[PDB]
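Notes follow once the structure below has been shown.
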Amino acid sequence: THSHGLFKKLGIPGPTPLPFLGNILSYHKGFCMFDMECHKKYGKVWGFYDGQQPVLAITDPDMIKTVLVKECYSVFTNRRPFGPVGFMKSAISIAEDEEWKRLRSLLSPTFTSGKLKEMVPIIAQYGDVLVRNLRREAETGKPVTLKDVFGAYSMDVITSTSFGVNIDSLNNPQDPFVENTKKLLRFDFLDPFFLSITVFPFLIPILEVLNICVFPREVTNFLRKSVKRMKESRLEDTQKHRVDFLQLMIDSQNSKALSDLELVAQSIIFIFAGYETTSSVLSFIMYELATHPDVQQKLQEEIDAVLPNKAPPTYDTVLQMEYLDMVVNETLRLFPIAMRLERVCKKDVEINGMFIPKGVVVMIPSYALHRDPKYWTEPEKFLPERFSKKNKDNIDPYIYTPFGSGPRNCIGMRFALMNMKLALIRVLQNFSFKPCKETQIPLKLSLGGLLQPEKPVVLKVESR
Ligand code: HEM
Ligand SMILES: O=C(CCc1ccccc1Cl)NC[C@@H]1Cc2cccc(-c3cccnc3)c2O1
């Protein structure tokens, strides 16, 4: 309770903390419900304590711009450390200060619009694989869990985009790539482990010296050894097939420098950042399409208009379909799977008429802002027309932050948007999705440290 009076001396409202725990007991409702309630009962700026760590939540759009964009390299550069990380500390989402700039500069060209257009043909083949595996699921006459089929698709894309591994994960669940990477799931930051280390951050160094990695150490060593082999196998072939992430990092390495261990770490973090994130959002999108068939009809018609005769999609055609962009954007508003954006104040600073002392974690409640009635009308409803051509300019880019903002935003934003849209195009033009009985009509979200449905979304699939 030594630092539990900091927000009081600043005259900042917030829930009264308890000794040794701060406000973690209020997390019994979850991150999403906790943030919205505090926004309602405290206004635009409030604070709380994750253990003894003071967290300041800001909702003013100008302040959000100042933290994420304006005073980023100066003040708000890094995120709060989250656990014993091991050699994965060099991951760009985990890197800090100079290493982040050096790694982000070395990794930015991998996510260029030209590079994405060079990867669309690879992501297309596994859309066709998804349709084949979905044709059987629809033929059985029984509901289908979308997480498994989309998880198979995301794995197939990730393996083919990060390496040359071409597999049908839904039908080949034994390839060492499929087995170990299928265990790279999201982190429930409200489980016993993360709750304890948030309350006892002094135990993080103890866990590291015991070599207790937050990521599955068996999966990391397998992937680390695999990359070491694939660099040797590539050292023999050496064709003009540099169309995947690993090759693009290898050639840049030969061209400061990107170390071999740094090379491996970034490869793994791309797998983790894409596996369940893509499948979760795709499941959320298909749920809203099923319970709002009017949207599903217009989207299917627009795909048929741009792509007649079930035509294969294209980078140019994907960037052409506007209602698809409207559907993806609206779903990302209702369900921002990050739920929060965090930066650490590295020095005493005054932003927009507020004093932020050193060490405070400044947070942006993405979920709370996306469903705040002040900026959005009928927030709980699914209305894609919020992002129509003449309506998508009043939306404040710092109140809708599904991929973050500033120089530390999502580096795979356009890859995922392309990857998710390519899946939706290829699936909607071959199948229709109806709500079965088991489908939860009022979709209920989980209370944990993840933005996931409590019950997995099961839907009925029929051929067209
Ligand atoms: C549709 C799924 C995804 C969503 C909704 C999402 C969302 C986000 C958000 C909100 C952030 C934090 C931005 C900020 O704090 O300003 C972030 C960071 C990041 N994401 Fe994603 N992301 C997704 C998929 C991916 C994928 C597939 C990759 C793989 C390339 C990826 C790589 C990263 C990286 C590297 C960062 C950290 C960048 C930095 O700190 O310099 N993300 N993402
Ligand atoms: O996952 C998380 C946080 C949960 C999350 C963040 C962003 C998007 C989705 C999620 Cl569920 N922390 C583990 C590492 C460290 C890190 C920092 C910032 C973003 C990511 C991340 C994760 C997934 C996709 N894009 C970025 C990240 O991964």
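Note on naming: chains are A, B, ... as they come in the structure tokens, residues start from 1 per chain, ligands start from 1 in the order shown.
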Next on the checklist: Let me see if you get this right: every residue at most 10 Å from ligand 2, counting only C-alpha atoms and all ligand atoms, written as a VMD selection string.
Outcome noted: chain A and resid 78 to 83 88 to 89 91 to 95 185 to 189 214 to 215 269 to 278 280 336 to 342 402 to 404 408 to 413 416 449 to 452
Item to check | Residues flagged helix (DSSP H, G or I) by DSSP in segment 115-338 of chain A, as number ranges by chain | outcome: A: 115-139, 146-162, 176-181, 192-199, 201-209, 217-237, 245-254, 260-291, 293-306, 315-318, 322-334
Item to check | Nearby residues (only C-alpha atoms) at most 10 Å from segment 60-67 of chain A, same-chain spacing under 6 positions excluded, as a list in words | outcome: residues 44, 45, 73, 74, 75, 76, 77, 341, 342, 343, 344, 345, 351, 352, 353, 354, 362, 363, 364, 396, 397, 398, 399, 400, 405 and 406 of chain A
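Across A:284, A:376, A:111, A:177, the tightest approach to ligand 1 is made by A:111 when counting only C-alpha atoms and all ligand atoms.
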Next on the checklist: So that I can check the surroundings of residue 462 of chain A, please list as a ChimeraX atom specification every protein, DNA and RNA residue that reaches within 6 Å of it, counting only C-alpha atoms and ignoring chain neighbours fewer than 3 positions away.
Outcome noted: /A:138,431-432
Go ahead and save the picked residues with C-alpha atoms, as a PDB file, in the first residue's frame.
ATOM      1  CA  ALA A 138     -22.389 -29.055 -44.366  1.00  0.00           C
ATOM      2  CA  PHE A 431     -22.229 -21.556 -48.485  1.00  0.00           C
ATOM      3  CA  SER A 432     -24.990 -19.922 -46.468  1.00  0.00           C
TER       4      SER A 432
END
Next on the checklist: Let's see if you can do this: from backbone DSSP, list all strand (DSSP E or B) residues in segment 53-114 of chain A, as a PyMOL selection string.
Outcome noted: chain A and resi 53-58+76
Please produce a file of the residues just selected, as a PDB file, in the first residue's frame, where the atoms kept are N, CA and C atoms.
ATOM      1  N   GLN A  53       0.810  -1.603  -8.946  1.00  0.00           N
ATOM      2  CA  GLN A  53       1.088  -0.852 -10.162  1.00  0.00           C
ATOM      3  C   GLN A  53      -0.070   0.088 -10.461  1.00  0.00           C
ATOM      4  N   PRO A  54       0.141   1.405 -10.459  1.00  0.00           N
ATOM      5  CA  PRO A  54      -0.957   2.335 -10.754  1.00  0.00           C
ATOM      6  C   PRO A  54      -1.197   2.432 -12.255  1.00  0.00           C
ATOM      7  N   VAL A  55      -2.464   2.349 -12.650  1.00  0.00           N
ATOM      8  CA  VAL A  55      -2.866   2.410 -14.050  1.00  0.00           C
ATOM      9  C   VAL A  55      -3.825   3.578 -14.221  1.00  0.00           C
ATOM     10  N   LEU A  56      -3.529   4.451 -15.181  1.00  0.00           N
ATOM     11  CA  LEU A  56      -4.362   5.608 -15.479  1.00  0.00           C
ATOM     12  C   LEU A  56      -5.064   5.378 -16.810  1.00  0.00           C
ATOM     13  N   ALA A  57      -6.393   5.401 -16.786  1.00  0.00           N
ATOM     14  CA  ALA A  57      -7.207   5.207 -17.977  1.00  0.00           C
ATOM     15  C   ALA A  57      -7.619   6.561 -18.536  1.00  0.00           C
ATOM     16  N   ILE A  58      -7.392   6.760 -19.832  1.00  0.00           N
ATOM     17  CA  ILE A  58      -7.700   8.015 -20.505  1.00  0.00           C
ATOM     18  C   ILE A  58      -8.673   7.731 -21.642  1.00  0.00           C
ATOM     19  N   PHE A  76       5.895   7.558 -24.104  1.00  0.00           N
ATOM     20  CA  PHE A  76       5.102   6.329 -24.076  1.00  0.00           C
ATOM     21  C   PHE A  76       5.591   5.403 -25.186  1.00  0.00           C
TER      22      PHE A  76
END
Find the spatial neighbours of residue 52 of chain A, counting only C-alpha atoms, within a cut-off of 9 Å - ignore same-chain residues fewer than 6 positions away - and output them as a PDB file with N, CA and C atoms, in the first residue's frame.
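Output saved as part.pdb:
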ATOM      1  N   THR A   1       0.826  -1.201   0.000  1.00  0.00           N
ATOM      2  CA  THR A   1       0.000   0.000   0.000  1.00  0.00           C
ATOM      3  C   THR A   1       0.863   1.255   0.000  1.00  0.00           C
ATOM      4  N   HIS A   2       2.162   1.073  -0.257  1.00  0.00           N
ATOM      5  CA  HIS A   2       3.081   2.206  -0.263  1.00  0.00           C
ATOM      6  C   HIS A   2       2.743   3.183  -1.381  1.00  0.00           C
ATOM      7  N   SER A   3       2.404   2.665  -2.562  1.00  0.00           N
ATOM      8  CA  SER A   3       2.072   3.484  -3.718  1.00  0.00           C
ATOM      9  C   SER A   3       0.573   3.527  -3.990  1.00  0.00           C
ATOM     10  N   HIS A   4      -0.252   3.226  -2.989  1.00  0.00           N
ATOM     11  CA  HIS A   4      -1.698   3.199  -3.158  1.00  0.00           C
ATOM     12  C   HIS A   4      -2.360   4.548  -2.907  1.00  0.00           C
ATOM     13  N   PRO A  19      -5.366  -3.340   0.351  1.00  0.00           N
ATOM     14  CA  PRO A  19      -3.939  -3.629   0.550  1.00  0.00           C
ATOM     15  C   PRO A  19      -3.507  -4.897  -0.176  1.00  0.00           C
ATOM     16  N   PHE A  20      -2.329  -4.817  -0.799  1.00  0.00           N
ATOM     17  CA  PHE A  20      -1.630  -5.934  -1.430  1.00  0.00           C
ATOM     18  C   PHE A  20      -2.302  -6.409  -2.713  1.00  0.00           C
ATOM     19  N   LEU A  21      -3.505  -5.915  -3.005  1.00  0.00           N
ATOM     20  CA  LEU A  21      -4.263  -6.396  -4.150  1.00  0.00           C
ATOM     21  C   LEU A  21      -4.724  -5.299  -5.093  1.00  0.00           C
ATOM     22  N   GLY A  22      -4.794  -4.052  -4.640  1.00  0.00           N
ATOM     23  CA  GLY A  22      -5.315  -2.988  -5.471  1.00  0.00           C
ATOM     24  C   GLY A  22      -6.784  -3.180  -5.785  1.00  0.00           C
ATOM     25  N   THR A 198       0.834 -10.440 -11.599  1.00  0.00           N
ATOM     26  CA  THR A 198       0.439  -9.035 -11.580  1.00  0.00           C
ATOM     27  C   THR A 198       0.447  -8.493 -10.157  1.00  0.00           C
ATOM     28  N   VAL A 199       0.037  -9.318  -9.194  1.00  0.00           N
ATOM     29  CA  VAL A 199       0.086  -8.919  -7.793  1.00  0.00           C
ATOM     30  C   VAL A 199       1.495  -9.077  -7.231  1.00  0.00           C
ATOM     31  N   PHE A 200       2.252 -10.068  -7.708  1.00  0.00           N
ATOM     32  CA  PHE A 200       3.623 -10.315  -7.265  1.00  0.00           C
ATOM     33  C   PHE A 200       4.572 -10.164  -8.450  1.00  0.00           C
TER      34      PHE A 200
END
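Minimum distance to ligand 1 across A:161, A:169, A:317, A:297 (counting only C-alpha atoms and all ligand atoms) occurs at A:161.
The interatomic distance for the pair atom CA of residue 347 of chain A and atom CA of residue 47 of chain A works out to 18.2 Å.
Between atom CA of residue 395 of chain A and atom CA of residue 374 of chain A there is a distance of 11.6 Å.
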Next on the checklist: Need to verify the contact set: residue 257 of chain A, 12 Å, only C-alpha atoms, exclusion of same-chain residues closer than 4 positions in sequence. Can you return it as a ChimeraX atom specification?
Outcome noted: /A:99,102-107,249-253,261-263
Item to check | Distance criterion (only C-alpha atoms and all ligand atoms): nearest to ligand 1 out of A:166, A:226, A:154, A:16 | outcome: A:154
Next on the checklist: With distances taken over only C-alpha atoms, which residue among A:375, A:323, A:315, A:335 lies nearest residue 121 of chain A?
Outcome noted: A:315
